[PDB]
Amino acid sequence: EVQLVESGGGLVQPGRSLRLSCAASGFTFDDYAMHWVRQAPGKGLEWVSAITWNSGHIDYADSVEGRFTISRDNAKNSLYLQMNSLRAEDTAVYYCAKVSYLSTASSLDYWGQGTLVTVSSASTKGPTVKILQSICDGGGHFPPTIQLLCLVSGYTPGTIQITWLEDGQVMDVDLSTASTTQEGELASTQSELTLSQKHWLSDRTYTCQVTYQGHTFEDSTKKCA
């Protein structure tokens, strides 16, 4: 399966630098053009930069030209974004993506799930994290499937990254859905993971991993003894 995994996000002050990485697997990375695309909190997608398969042609959005440098290492199947001269409005989730065909004039068919970049001097209230789970019915039987609900609440309004881990491994993105509500003062997010019964009856340990303002908060659960 194609996989793209971004890393390197974090909290930095304006004017500083940060380097993002994107580890590609499951396809011949060397043959394809790659892009970075970002999404500021509550905003639409913004294309950032493109690089061709052999690094011969590079392009940048006007908003980052002169400040960001895209590069790649085909021997390591990795894409990079060196972000310099950072500004508050560079705060976003940054995604790497692969083009469909052996042309830059093709659509972006595979995307990672992104890495969070916060450019700020402001301090913030971190989030509380807790996992809830399906109850059994009156007869003590499991529901058809087991829901784990990760509740992320009580943090200064801003972007949260939520990742589900199974025994430390990142889980399939399509196994969970997420929804957010904002009280005005504060935001709160619910991520719902759907597990089959056999899946839950394996004593695998599951982790709701939350990234916020440079740090990684988390809760974990396994089926009760």
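When you see a residue number, it is the position in the sequence shown, counting from 1.
Undergrad: In the PDB record, does 11-19 or 199-207 carry the higher mean Cα temperature factor?
TA: Result of the comparison: 199-207.
Undergrad: Quick check on the record: does 148-156 or 84-92 carry the larger mean Cα temperature factor?
TA: 148-156 has the higher mean C-alpha B-factor.
Undergrad: Hey, out of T163, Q190, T69, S63, whose CA B-factor is highest in the deposited coordinates?
TA: So the option with the highest C-alpha B-factor is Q190.
Undergrad: Where does the C-alpha B-factor of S49 rank in its chain, lowest, middle or highest third?
TA: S49: CA B-factor falls in the lowest third of its chain.
Undergrad: Hey, what third does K98 fall into on Cα B-factor, ranked over its chain?
TA: Lowest third of the chain for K98's C-alpha B-factor.
Undergrad: Just say lowest, middle or highest third for the CA B-factor of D172 relative to the other modelled residues in its chain.
TA: Answer is highest: the recorded C-alpha B-factor places it there.
Undergrad: Taking the C-alpha B-factors as the PDB entry records them, is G42 in the lowest, middle or highest third of its chain?
TA: As the PDB entry reports it, the C-alpha B-factor of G42 lands in the middle third of its chain.
Undergrad: Compared with the other modelled residues in the chain, in which third is the CA B-factor of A105?
TA: It falls in the bottom third of the chain.
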